[PDB]
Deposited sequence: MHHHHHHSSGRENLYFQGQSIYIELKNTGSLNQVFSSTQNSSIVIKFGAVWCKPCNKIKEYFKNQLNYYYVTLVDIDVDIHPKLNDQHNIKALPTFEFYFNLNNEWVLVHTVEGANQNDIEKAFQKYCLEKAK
């Protein structure tokens, strides 16, 4: 039993994940690119790029998932997160989700290069 709030810009989607179990359900769908950002409320560089990350909906066909690692510590540990923020870029290839790149840190230039390489620009 759970609620999620989806924010749509065309077919692009942003979600600030409430329930750990809803992640499996996000992946159960129309955007080839899903990008997950792992961060935390107290984390200064996570906050510095938080608006930049959510605004990627305007620029990319993408489903964006925001994960507070202190709300979802299981997902933190399962994805082996070593620094905050961490960005995981997923692509659906041959009917399977594939982790295609990870970026650690809040350097916006580097994150943007990753979106350009691993995501689908509008």
Exercise for the section: Residue ranges with no C-alpha coordinates, please: along the deposited sequence, counted from 1, in order. Expected result: 1-8, 38, 132-133
